[PDB]
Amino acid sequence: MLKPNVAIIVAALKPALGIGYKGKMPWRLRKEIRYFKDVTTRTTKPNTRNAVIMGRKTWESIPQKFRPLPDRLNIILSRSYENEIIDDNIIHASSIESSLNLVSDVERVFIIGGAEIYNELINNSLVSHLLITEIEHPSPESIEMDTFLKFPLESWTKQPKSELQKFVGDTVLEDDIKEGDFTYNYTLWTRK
């Protein structure tokens, strides 16, 4: 692919946009996980797939039996990786852009974590879309958190729901989804 449009997909706790604690996610939101699966997997035309790109630490944190994430081309970035096509589902590379130069028959490209990767690529002009699950909690300070998004959202525009719906096709978007003490909403952002 040449100059693909890329989407960041992430779930973060407002207002500080925390996304992790000591290498783990600070929640397990079952509908959110299913949303992540559906959006990263779905294609708009047949006989294509999407790519998911992640940092080496996030890859290693997926239990080895459940990686690669099924039905998507998985790309793993490490500063120690030379370019290598491991198999039809796994690519090793050292830049998002060079990894995608190696690829054909891919529709959408999603960045799926983690914090270091997100915080670099937010300032990469290939990234055109942010799919942010905005999570709220009555006492967010009580949530164990040490890892945060650094997203300059002043340069971004949160789109109306109709734009997110168009992006996700027939995927059902429930509003104010509650699981335990967490309430969340799916959002779409584009560059100003």
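Numbers for residues come from their place in the sequence shown, where the first is 1. Rigid core here is just the name for the largest C-alpha set that superposes within 1.5 Å across the two forms.
- Rigid core fits of the other structures in 8 other deposited structures of this protein place the C-alpha atoms of one stretch farther away on average; of 82 to 90 and 98 to 106, that stretch is 98 to 106.
- Comparing 42 to 50 with 131 to 139 in 8 other deposited structures of this protein, after superposition on the rigid core, the stretch with the greater RMS C-alpha deviation is 42 to 50.
- Relative to its counterpart among 43 to 51 and 127 to 135, 43 to 51 has the higher mean temperature factor, C-alpha atoms as listed in the PDB entry.
- Higher mean CA temperature factor, per the PDB entry, when comparing 33 to 41 with 144 to 152: 144 to 152.
- Of all the options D105, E120, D87, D71, the entry's greatest CA B-factor is assigned to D105.
- Residue-level temperature factors show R28 in the highest third of its chain, judged at the C-alpha atom.
- Per the deposited record, the Cα B-factor of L13 falls in the middle third when ranked against the other modelled residues of its chain.
- Sort the chain's modelled residues by C-alpha temperature factor and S78 lands in the lowest third, per the entry.
- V6: CA B factor in the lowest third of modelled residues in this chain (values from the PDB entry).
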